[PDB]
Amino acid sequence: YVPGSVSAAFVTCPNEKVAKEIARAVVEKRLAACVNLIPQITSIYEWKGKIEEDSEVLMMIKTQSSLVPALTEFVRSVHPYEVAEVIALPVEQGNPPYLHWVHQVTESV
């Protein structure tokens, strides 16, 4: 395992149906090895000077770090918002056969 060669990316979505469309497509396209959907989130941020509280879904995405720029761009291309929240945090350690799988199921088309 090379530290930092896998990453967990977060993306938030307006509802569960868009989240699952997008989760299903990143995996079909091999941009990611798996996606965990966390429903029922409440997002709180400022917009147009006012504080909003939206009902959302958070996606946690496991992919190779070298693929996050293509993941992200795919995300921008389909996402309802027009500035989509994508962040990716490096995996330093883990289950060595899990990490390998992430690499396998996501490499070389």
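The first residue of the sequence shown is number 1, and the count goes up from there.
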Of 43-51 and 30-38, which one has the bigger average CA B-factor? 43-51
If you rank the chain by CA B-factor, which third does residue 60 end up in: lowest, middle or highest? lowest
Would you check the entry's CA temperature factor for residue 75 and let me know if it's in the chain's lowest, middle or highest third? middle
Based on the entry's values, in what third of the chain does the Cα temperature factor of residue 92 lie: lowest, middle or highest? lowest
What third of its chain, lowest, middle or highest, does the C-alpha temperature factor of residue 109 fall into? highest
